[PDB]
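Participant: If you read the sequence shown in the entry's author numbering, its first letter stands for residue 1, the second for the next number, and so on.
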Amino acid sequence: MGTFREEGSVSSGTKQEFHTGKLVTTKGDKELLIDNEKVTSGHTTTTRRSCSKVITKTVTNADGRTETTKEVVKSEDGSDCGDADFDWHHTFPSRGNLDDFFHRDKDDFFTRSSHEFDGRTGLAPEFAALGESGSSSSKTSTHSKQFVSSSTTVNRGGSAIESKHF
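#1: Does DSSP classify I161 as helix, strand or coil?
#2: Nearest to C51 by alpha carbon, out of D35, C81, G96?
#3: Does DSSP classify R48 as helix, strand or coil?
#4: Throw me the rounded Cβ distance for the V54 and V72 pair, which I believe falls under 8 Å.
#5: Whole angstroms are fine: how far does the CA of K139 sit from the CA of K145?
#6: At what residues does the beta strand (DSSP E) containing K53 begin and finish?
#7: Could you check where the beta strand (DSSP E) with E71 kicks off and where it finishes?
#8: Where does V59 sit, in a helix, a strand or coil, going by DSSP?
#9: Which partner residues does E67 have in the DSSP bridge list?
#10: Could you check the C-alpha separation between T45 and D85 for me, to the nearest Å?
#11: Identify every run of the beta strand (DSSP E) within the region 89–164, keeping only runs that are complete inside it and at least 3 residues long; order them along the chain.
#12: Give a yes or no on whether the C-beta atoms belonging to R48 and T40 are separated by under 9 Å.
Shown next as structure tokens:
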């Protein structure tokens with residue numbers, strides 16, 4: 001029925017979905033340049049790592065001049081990484097207590113038991129000087145014939161005057 005152009009399979013694809021509709025299948029980019037990163041994830045990482053502070057600069061040259069600055073710096077001030085740290089100090093659980101170390105809260109009459117020497121009294125055995133004690137007497141001793149005693153014969157005559165001889 002009409003030869004038209006029948007010869008074997010003047011067509012394409014197991015079935016034409018919508019007749020031809022493309023000149024060049026190779027090139028065809030006309031909007032693929034769309035932003036891939038889009039407004040979302042997009043920051044540096046190989047150069048420096050956020051959060052903490054990490055700076056690494058490595059340069060290699062042919063004359064063997066190669067400076068390695070692969071250095072790493074801890075957090076800058078614990079902005080959002082080295083948190084929970086502030087400064088080392090630790091703290092003891094709870095020591096005993098006993099009395100005050102020096103504040104001396106409630107004082108007391110019992111002061112320091114200083115073995116000083118506030119002594120000063122010294123009664124002597126006996127005042128060796130006056131000695132007016134005893135009983136107002138001391139001349140008594142050898143009992144010398146100091147006491148006068150002989151005036152008496154002049155007393156009354158033993159009888160009467162009488163010149164015997166003459």
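Even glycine gets a Cβ: it sits at the ideal position worked out from N, Cα and C.
Facilitator: The structure says:
#1: coil
#2: Answer by Cα proximity: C81.
#3: strand
#4: 5 Å
#5: Rounded to whole angstroms, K145 and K139 show a C-alpha spacing of 13 Å.
#6: 53–55
#7: 71–73
#8: strand
#9: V59
#10: 26 Å
#11: none
#12: no
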